[PDB]
Amino acid sequence: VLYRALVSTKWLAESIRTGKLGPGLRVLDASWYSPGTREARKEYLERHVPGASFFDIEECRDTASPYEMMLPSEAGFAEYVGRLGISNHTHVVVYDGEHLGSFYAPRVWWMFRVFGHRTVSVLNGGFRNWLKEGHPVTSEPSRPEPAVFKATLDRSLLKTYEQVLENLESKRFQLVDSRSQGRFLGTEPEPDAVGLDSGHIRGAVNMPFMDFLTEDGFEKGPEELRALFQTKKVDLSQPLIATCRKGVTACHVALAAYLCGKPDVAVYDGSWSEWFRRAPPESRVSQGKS
């Protein structure tokens, strides 16, 4: 029995405009951008949803690791969403002011889920549409009394390098690469990386995340989504893993899949940066280099 995965700006607005925000309702800006482009922390601090805290993905992740976007310990998470005054009784509303309409927020929506928390929704049309209707923004510091978070890892949403390599032969799981086509193919390079070829894993079907989002920034009608999948010969009845580069825009398929009525899309968090580096070259392909 799936909870609200999306909420409207109108809904969030009316909620904000009613001091519903607090230990019952907590808002997060997950915004992150490639170094030298934008700065979310800054942009957050300048304007954010009245009573919004900034979710920093560099701080809530497994830093010991040598791969991009690894989950922290249930501990590292619980301690963090703790200090953002989020218990397990609260409802979490995640946004980013990414241009497209969303990019990281679904990473976070997921993280929150994969840690056994089912009242989380992405704010639909991102900060983008929040502004596009001038919904009150503030520079005023959001300062939530910290809360205790029991954090329980649901494993079914998490696929590891080891499990993906198995599925390479098993074929029991459909494998979707949310990365932009240019790179699923090997045409384009991989950005913010050293000796990291582009190319997808043997069997990956490419469903770029851009294609889940109307021009206006909103997610698409589930009919449009349900097409999008079918049309990619991707069956929602059947077990489905989402890759990325780092395991972030993969969640975009997760959110999609979920909205359509499949809450059992797992995420390869290693994704391509892990795969590329750990896997034999034969388990992955690239138009160009072979």
# chains A, B, ... in the order shown; residues from 1 in each chain; ligands from 1

call {"tool": "closest_atom_pairs", "arguments": {"of": "stretch 13-86 of chain A", "to": "stretch 110-123 of chain A", "cutoff": "10 Å", "atoms": "only C-alpha atoms", "output": "tab-separated table"}}
result
residue	atom	partner	partner_atom	distance
A:25	CA	A:119	CA	9.8
A:26	CA	A:120	CA	9.6
A:27	CA	A:123	CA	9.1
A:28	CA	A:122	CA	9.5
A:29	CA	A:123	CA	9.9
A:60	CA	A:111	CA	9.9
A:71	CA	A:111	CA	7.6
A:72	CA	A:111	CA	9.5
A:73	CA	A:115	CA	9.8
A:74	CA	A:115	CA	6.9
A:77	CA	A:115	CA	8.2
A:78	CA	A:115	CA	8.7
A:81	CA	A:112	CA	9.1

call {"tool": "write_last_selection", "arguments": {"atoms": "N, CA and C atoms", "output": "PDB file, in the first residue's frame"}}
result
ATOM      1  N   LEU A  25       6.385  17.200   9.643  1.00  0.00           N
ATOM      2  CA  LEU A  25       6.703  17.534   8.225  1.00  0.00           C
ATOM      3  C   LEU A  25       8.049  18.257   8.148  1.00  0.00           C
ATOM      4  N   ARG A  26       8.995  17.668   7.419  1.00  0.00           N
ATOM      5  CA  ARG A  26      10.389  18.152   7.271  1.00  0.00           C
ATOM      6  C   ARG A  26      10.755  18.217   5.787  1.00  0.00           C
ATOM      7  N   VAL A  27      11.291  19.353   5.353  1.00  0.00           N
ATOM      8  CA  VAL A  27      11.636  19.598   3.925  1.00  0.00           C
ATOM      9  C   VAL A  27      13.154  19.570   3.783  1.00  0.00           C
ATOM     10  N   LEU A  28      13.623  19.029   2.658  1.00  0.00           N
ATOM     11  CA  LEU A  28      15.062  18.847   2.352  1.00  0.00           C
ATOM     12  C   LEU A  28      15.338  19.365   0.942  1.00  0.00           C
ATOM     13  N   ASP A  29      16.417  20.131   0.802  1.00  0.00           N
ATOM     14  CA  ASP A  29      17.043  20.493  -0.492  1.00  0.00           C
ATOM     15  C   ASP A  29      18.241  19.561  -0.651  1.00  0.00           C
ATOM     16  N   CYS A  60      26.426  12.695   3.996  1.00  0.00           N
ATOM     17  CA  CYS A  60      25.606  11.467   4.179  1.00  0.00           C
ATOM     18  C   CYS A  60      25.922  10.471   3.058  1.00  0.00           C
ATOM     19  N   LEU A  71      26.182   4.285   0.092  1.00  0.00           N
ATOM     20  CA  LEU A  71      25.329   4.499   1.275  1.00  0.00           C
ATOM     21  C   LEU A  71      26.200   4.534   2.519  1.00  0.00           C
ATOM     22  N   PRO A  72      25.853   5.407   3.485  1.00  0.00           N
ATOM     23  CA  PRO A  72      26.509   5.405   4.788  1.00  0.00           C
ATOM     24  C   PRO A  72      26.042   4.179   5.576  1.00  0.00           C
ATOM     25  N   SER A  73      26.598   3.982   6.766  1.00  0.00           N
ATOM     26  CA  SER A  73      26.074   3.014   7.756  1.00  0.00           C
ATOM     27  C   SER A  73      24.657   3.467   8.123  1.00  0.00           C
ATOM     28  N   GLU A  74      23.747   2.521   8.404  1.00  0.00           N
ATOM     29  CA  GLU A  74      22.419   2.776   9.030  1.00  0.00           C
ATOM     30  C   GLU A  74      22.610   3.847  10.115  1.00  0.00           C
ATOM     31  N   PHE A  77      23.551   7.487   8.610  1.00  0.00           N
ATOM     32  CA  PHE A  77      22.231   7.977   8.136  1.00  0.00           C
ATOM     33  C   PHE A  77      21.441   8.476   9.350  1.00  0.00           C
ATOM     34  N   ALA A  78      21.061   7.554  10.248  1.00  0.00           N
ATOM     35  CA  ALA A  78      20.241   7.799  11.460  1.00  0.00           C
ATOM     36  C   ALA A  78      20.771   9.020  12.220  1.00  0.00           C
ATOM     37  N   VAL A  81      20.021  12.350   9.576  1.00  0.00           N
ATOM     38  CA  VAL A  81      18.572  12.720   9.474  1.00  0.00           C
ATOM     39  C   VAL A  81      18.050  12.958  10.898  1.00  0.00           C
TER      40      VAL A  81
END

call {"tool": "residues_around", "arguments": {"residues": "residue A:107", "least_positions_apart": "6", "cutoff": "10 Å", "atoms": "only C-alpha atoms", "output": "ChimeraX atom specification"}}
result
/A:30,57,69,94,113,122,247-252,254-255,267,269

call {"tool": "write_last_selection", "arguments": {"atoms": "N, CA, C and O atoms", "output": "short mmCIF file (atom, residue, chain, number, x, y, z; two decimals), in the first residue's frame"}}
result
data_model
loop_
_atom_site.label_atom_id
_atom_site.label_comp_id
_atom_site.auth_asym_id
_atom_site.auth_seq_id
_atom_site.Cartn_x
_atom_site.Cartn_y
_atom_site.Cartn_z
N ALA A 30 18.18 18.61 -1.58
CA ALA A 30 19.26 17.62 -1.81
C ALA A 30 20.25 18.13 -2.88
O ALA A 30 21.30 17.48 -3.08
N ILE A 57 24.91 15.46 0.33
CA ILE A 57 25.12 14.04 -0.07
C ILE A 57 26.59 13.70 0.14
O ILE A 57 26.88 12.50 0.33
N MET A 69 29.00 7.73 -4.58
CA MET A 69 27.63 7.63 -4.00
C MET A 69 27.43 6.23 -3.46
O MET A 69 26.78 5.42 -4.13
N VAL A 94 11.31 15.93 -0.18
CA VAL A 94 12.66 16.13 -0.79
C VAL A 94 12.51 16.92 -2.09
O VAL A 94 11.67 16.53 -2.93
N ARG A 113 13.83 5.43 1.97
CA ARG A 113 13.12 4.13 1.82
C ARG A 113 14.05 2.96 2.17
O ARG A 113 13.69 2.14 3.04
N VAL A 122 9.03 12.96 -3.08
CA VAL A 122 9.73 14.03 -3.85
C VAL A 122 8.73 15.16 -4.10
O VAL A 122 7.54 14.89 -4.33
N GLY A 247 24.64 6.03 -8.78
CA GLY A 247 23.49 5.32 -8.20
C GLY A 247 22.49 6.31 -7.67
O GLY A 247 22.12 6.21 -6.49
N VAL A 248 22.07 7.24 -8.54
CA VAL A 248 21.40 8.51 -8.13
C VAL A 248 20.25 8.79 -9.09
O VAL A 248 19.12 8.88 -8.59
N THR A 249 20.53 8.99 -10.38
CA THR A 249 19.51 9.21 -11.43
C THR A 249 18.90 7.85 -11.78
O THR A 249 17.91 7.84 -12.54
N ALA A 250 19.49 6.77 -11.27
CA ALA A 250 18.92 5.40 -11.29
C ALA A 250 17.61 5.38 -10.49
O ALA A 250 16.65 4.75 -10.93
N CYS A 251 17.59 6.07 -9.35
CA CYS A 251 16.40 6.22 -8.47
C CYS A 251 15.24 6.83 -9.28
O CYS A 251 14.07 6.56 -8.95
N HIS A 252 15.54 7.61 -10.32
CA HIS A 252 14.52 8.24 -11.19
C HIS A 252 13.64 7.16 -11.82
O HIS A 252 12.44 7.43 -12.00
N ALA A 254 13.38 4.17 -10.39
CA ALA A 254 12.78 3.63 -9.15
C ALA A 254 11.48 4.40 -8.90
O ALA A 254 10.41 3.74 -8.84
N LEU A 255 11.56 5.74 -8.87
CA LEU A 255 10.39 6.63 -8.62
C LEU A 255 9.33 6.35 -9.68
O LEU A 255 8.21 6.03 -9.33
N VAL A 267 18.59 -0.80 -6.59
CA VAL A 267 19.52 0.20 -7.17
C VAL A 267 20.96 -0.33 -7.02
O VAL A 267 21.37 -0.65 -5.91
N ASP A 269 24.27 0.76 -6.60
CA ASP A 269 24.81 2.00 -5.98
C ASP A 269 26.27 2.20 -6.42
O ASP A 269 26.69 3.39 -6.62
#

call {"tool": "select_by_dssp", "arguments": {"residues": "stretch 83-208 of chain A", "states": "strand (DSSP E)", "output": "list in words"}}
result
residues 91, 92, 93, 94, 95, 120, 121, 122, 123, 158, 159, 174, 175, 176, 177, 200, 201, 205 and 206 of chain A

call {"tool": "write_last_selection", "arguments": {"atoms": "C-alpha atoms", "output": "PDB file, in the first residue's frame"}}
result
ATOM      1  CA  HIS A  91       6.962  12.808   6.770  1.00  0.00           C
ATOM      2  CA  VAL A  92       9.960  13.819   4.545  1.00  0.00           C
ATOM      3  CA  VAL A  93       9.482  16.088   1.433  1.00  0.00           C
ATOM      4  CA  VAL A  94      12.659  16.125  -0.787  1.00  0.00           C
ATOM      5  CA  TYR A  95      13.468  18.699  -3.535  1.00  0.00           C
ATOM      6  CA  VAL A 120       9.011  10.256   2.075  1.00  0.00           C
ATOM      7  CA  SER A 121       7.844  12.055  -1.146  1.00  0.00           C
ATOM      8  CA  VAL A 122       9.729  14.030  -3.853  1.00  0.00           C
ATOM      9  CA  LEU A 123       8.378  17.592  -4.354  1.00  0.00           C
ATOM     10  CA  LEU A 158      20.007  -2.618  -2.705  1.00  0.00           C
ATOM     11  CA  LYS A 159      21.879  -4.661  -5.408  1.00  0.00           C
ATOM     12  CA  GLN A 174      16.027  -6.570 -16.006  1.00  0.00           C
ATOM     13  CA  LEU A 175      18.940  -4.053 -15.967  1.00  0.00           C
ATOM     14  CA  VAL A 176      18.222  -0.323 -16.730  1.00  0.00           C
ATOM     15  CA  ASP A 177      21.003   2.341 -17.255  1.00  0.00           C
ATOM     16  CA  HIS A 200      27.126   0.172 -20.369  1.00  0.00           C
ATOM     17  CA  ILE A 201      27.059  -3.354 -18.854  1.00  0.00           C
ATOM     18  CA  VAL A 205      18.771  -1.260 -21.589  1.00  0.00           C
ATOM     19  CA  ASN A 206      19.203   2.584 -21.671  1.00  0.00           C
TER      20      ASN A 206
END

call {"tool": "closest_residue", "arguments": {"among": "A:18, A:237, A:65, A:138", "to": "residue A:260", "atoms": "only C-alpha atoms"}}
result
A:237

call {"tool": "closest_residue", "arguments": {"among": "A:144, A:189, A:76, A:230", "to": "residue A:62", "atoms": "only C-alpha atoms"}}
result
A:76

call {"tool": "residues_around", "arguments": {"residues": "residue A:216", "least_positions_apart": "4", "cutoff": "9 Å", "atoms": "only C-alpha atoms", "output": "VMD selection string"}}
result
chain A and resid 100 to 101 125 128 to 129

call {"tool": "residues_around", "arguments": {"residues": "stretch 271-282 of chain A", "least_positions_apart": "5", "cutoff": "12 Å", "atoms": "only C-alpha atoms", "output": "ChimeraX atom specification"}}
result
/A:65-70,158-166,168,175-179,183-184,190-204,241-251,266,289-290
